[PDB]
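What follows is a single chain, given as structure tokens, in the form solved without the ligand.
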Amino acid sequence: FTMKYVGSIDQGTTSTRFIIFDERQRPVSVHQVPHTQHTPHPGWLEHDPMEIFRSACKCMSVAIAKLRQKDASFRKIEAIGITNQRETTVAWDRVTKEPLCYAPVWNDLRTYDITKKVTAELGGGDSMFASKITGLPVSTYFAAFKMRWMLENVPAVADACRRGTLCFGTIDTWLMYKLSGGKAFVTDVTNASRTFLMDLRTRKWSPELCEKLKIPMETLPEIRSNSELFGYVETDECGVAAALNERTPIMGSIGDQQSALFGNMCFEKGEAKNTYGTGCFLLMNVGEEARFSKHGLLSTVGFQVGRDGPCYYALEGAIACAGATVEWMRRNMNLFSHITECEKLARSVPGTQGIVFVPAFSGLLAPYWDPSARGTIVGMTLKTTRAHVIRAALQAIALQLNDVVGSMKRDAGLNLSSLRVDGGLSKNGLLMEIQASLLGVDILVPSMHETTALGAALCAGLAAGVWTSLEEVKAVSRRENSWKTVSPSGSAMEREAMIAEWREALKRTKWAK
């Protein structure tokens, strides 16, 4: 007769949150705790993994306490799910159970040398040399290269290898270990697919790649699915085992972007979501068979519910961040003071009237991957004003979105039936409209924006029988969490012409070096 509840640890780049969902998929208690963004050298970023673990734990205790106040009958959480910033890589010790050093983060660039050394000496100049095993190019992001760095550069890690005590893992594995008090060394397929060490289609580790990249398989955890028993919460770090009252299984684990994909109900092929945040990503569910990319996209696991469940696959494109760009204009250029001005300034003109603004501040991502491109504005006259500039920026973000979707259609051989939006600037109507116009499809916007956290809880709830199937999940959602829907409103010669402007502008972005 009382509510069943599922727990979600959302371990992000800048903070950690615990969200408790009820069986109707509503966030009923939340707590958030930030952690320190250590940047020792230009271009490095690094996290304290004990800080992360303690944050996770504080979030669970405070969230649990806040719910108890709201619902005094609630005795236990059915299960806990983990979603996490991917690729960020932790090194720890099997016996001390303690980190050997700080965790270099997804967008950290200390792995640059090692990246060229790998392309050159292991894959003769082709970045895409192992893209049929991993689904990925050689890039600074991926875990194996951070792993490599910490073996070369960090004495205690180099040391711990010798002794057979060295564990490596992405943040899912790290949290999941420490929560288990040391008893669990596992990872899920979505996180593993970002190591550069896993085979995309088998979802097993690749001895070819470990051997080549010089990573002892002893260090690596057991790959499992996203939805199944990973272990139990058995730490009393900030009272957590106490607050949970019963022993609580961890039955969900999944990378943030996939988790947003899962939690926005993109279960069918052609369904896709655009997430905002510390980084911005478009993922498309492409179906049961992997799709590789000739147009600079990543091939990756969408989700796999259960060991024997079918594996859904995805293509992934990183774009510009509406948010970063908007904040830059406000805080660096002073083109407005508060975010409400932004949309009105953009709305106050009927177009860019000639200008294009390519916000390639740290290179061009998406189907272009040009790290020499820098932020550029073209076409300005004495009549141009900050309204045009702000507008052009929002157009620019829709435009890379479109080139990325273009690339996805080609690689995947499918259409994008719908785009779901989530992360902050899904709340800008004008942007949602231009996106809607340019892609020629609908843009869904949930009123329960909390969908990244939800994915992991759905994973954990499915596994534990809170919800019974993907069908029930979808139904409860349709029934409980409402969803605004933005429809296209463009010509074709508008679309063709705005893109034509865009094409010419990109030619003028090459700057660095």
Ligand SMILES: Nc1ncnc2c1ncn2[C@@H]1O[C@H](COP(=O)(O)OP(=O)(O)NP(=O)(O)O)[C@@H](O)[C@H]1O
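Definition used throughout: the rigid core is the maximal C-alpha set that superposes within 1.5 Å between two forms. Note that residue numbering follows the sequence shown and begins at 1.
Undergrad: Output the stretch having the higher mean C-alpha B factor in the entry; the candidates are 413-421 and 364-372.
TA: Mean B over CA atoms: larger for 413-421.
Undergrad: Averaging CA B factors per stretch from the PDB record, which one is higher: 118-126 or 273-281?
TA: On average, C-alpha B-factors are higher across 118-126.
Undergrad: Out of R386, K383, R247, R86, whose C-alpha atom has the biggest B factor in the entry?
TA: Checking the PDB record, the top C-alpha B-factor among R386, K383, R247, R86 is at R247.
Undergrad: Whose CA atom has the top B-factor in the entry, of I9, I20, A497, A505?
TA: So the option with the highest C-alpha B-factor is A497.
Undergrad: Within this chain, which third does the Cα B-factor at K513 fall in: lowest, middle or highest?
TA: Highest third.
Undergrad: Splitting the chain's C-alpha B-factors into thirds, which one does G43 fall into?
TA: Lowest third.
Undergrad: Looking at the entry's B-factor column for C-alpha atoms only, identify whether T170 ranks in the lowest, middle or highest third of its chain.
TA: Lowest third - that is where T170 ends up once the chain's C-alpha B-factors are sorted.
Undergrad: Rank-wise, by C-alpha B-factor, drop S61 into the lowest, middle or highest third of its chain.
TA: Ranked within chain, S61 CA B lands in the lowest tercile.
Undergrad: According to the PDB entry, is the CA B factor of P49 in the bottom, middle or top third of its chain, that is, lowest, middle or highest?
TA: Bottom third by C-alpha B-factor.
One more form of this protein, deposited with the ligand bound, exists but is not displayed; see below.
Undergrad: Is this site open or blocked for the ligand? Place it by superposing the surrounding C-alphas onto its pose in the entry with it bound, then apply the 2.4 Å backbone/C-beta contact test with a threshold of 3 atoms.
TA: Check flagged, pocket reads blocked.
Undergrad: Counting non-hydrogen atoms within 4.5 angstroms of the ligand in the entry with it bound, say which of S206, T352, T278, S437 makes the cut.
TA: None of the other options qualify; the answer is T278.
Undergrad: Which of these residues, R410, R386, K427, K212, gets a heavy atom within 4.5 Å of the ligand in the entry with it bound?
TA: In short, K427.
Undergrad: For the chain seen here without its partner, which of 226-234, 261-269, 321-329, 90-98 has a heavy atom within 4.5 Å of the ligand in the entry with it bound?
TA: It is the stretch 321-329.
Undergrad: Is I339 near the ligand? Define near as a heavy atom within 4.5 Å, in the entry with it bound.
TA: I339: yes, in contact with the ligand in the entry with it bound.
Undergrad: With a 4.5 Å heavy atom cut-off, would you call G423 a contact of the ligand in the entry with it bound?
TA: Looking in the entry with it bound, residue contacts with the ligand include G423, since a heavy atom lies within 4.5 Å.
Undergrad: So which one of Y276, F185, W205, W149 actually moves, Cα shift of 2 Å or more between the shown form and the other one once the core is superposed?
TA: Single hit from the list, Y276.
Undergrad: Rigid core fitted, is the C-alpha displacement of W106 between the shown form and the other one 2 Å or more?
TA: For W106, whose C-alpha is compared between the shown form and the other one after core superposition, the shift is less than 2 Å.
Undergrad: If you line up the core, does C321 shift 2 angstroms or more at its C-alpha between the shown form and the other one?
TA: The answer is yes, as the C-alpha of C321 shifts between the shown form and the other one by 2 Å or more after core alignment.
Undergrad: Does superposing the core leave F74 with a CA shift of 2 Å or more between the shown form and the other one?
TA: Comparing the forms between the shown form and the other one, which are aligned on their rigid core, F74 does shift its C-alpha by 2 Å or more.
Undergrad: Given a change of 3 Å or more, say if the Cα atoms of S73 and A475 sit closer or farther in the entry with it bound than in this form.
TA: So the answer is closer.
Undergrad: Are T278 and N428 closer or farther apart at their Cα atoms in the entry with it bound than shown, with the shift being 3 Å or more?
TA: The answer is closer, because the C-alphas of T278 and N428 approach each other in the entry with it bound by 3 Å or more.
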